[PDB]
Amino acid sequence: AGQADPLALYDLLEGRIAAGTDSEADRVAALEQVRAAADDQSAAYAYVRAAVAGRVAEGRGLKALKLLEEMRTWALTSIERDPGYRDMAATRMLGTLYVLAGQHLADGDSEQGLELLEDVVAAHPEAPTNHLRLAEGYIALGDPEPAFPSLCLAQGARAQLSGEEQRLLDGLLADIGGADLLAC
């Protein structure tokens, strides 16, 4: 009767986000529709539920605390269903959530979010995404020294980062005084 596939909804929302053409209304509509969609018990469904809740929360400064908990809960559900889904994307998501906003989650642990990010790097060193998110976490938690090798790996393969990821990396590098000071 026209109900959207959650995975396809996610891809459409992510396309808008990449373009910068997502409004609050677009993000909220995606959240409502994935919530309404039937759960097929897959890790993918749960990942999408978490990711879309996360995008809505991100558009509210990560201060939509109930949405952060919905993200946390569905990321854990996804991991329980298949911890290898999308090369551990749900574990990476959960790690980033904790390093950035763990203090706003009852069962979150900010510092242990770094362990999740380390786990993803250990399993999937080939993806600069993983190095970028690990570096982001170390920096967020005031521990720049271990971030530098990860920054160097992310910068070295920056052509494989999404536009959003490149802007994130470039912001971290601007904050340290410029990419020219990494001295990889």
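Start at 1 with the first residue shown and count on from there.
As recorded in the PDB entry, 105-113 is the stretch of 88-96 and 105-113 with the greater mean C-alpha temperature factor. When 28-36 is weighed against 127-135, 28-36 comes out higher, by mean CA B-factor as recorded in the entry. For the set 13, 169, 176, 19, the PDB entry assigns the largest Cα B-factor to 176. In the PDB entry, residue 50 places in the lowest third of its chain by CA B-factor. Residue 147 sits in the highest third of its chain by CA B factor, as recorded in the PDB entry.
Among the modelled residues of its chain, residue 120 has a C-alpha B-factor that falls in the lowest third, as given in the PDB entry. Ranked by C-alpha B-factor against the other modelled residues of its chain, residue 56 falls in the lowest third.
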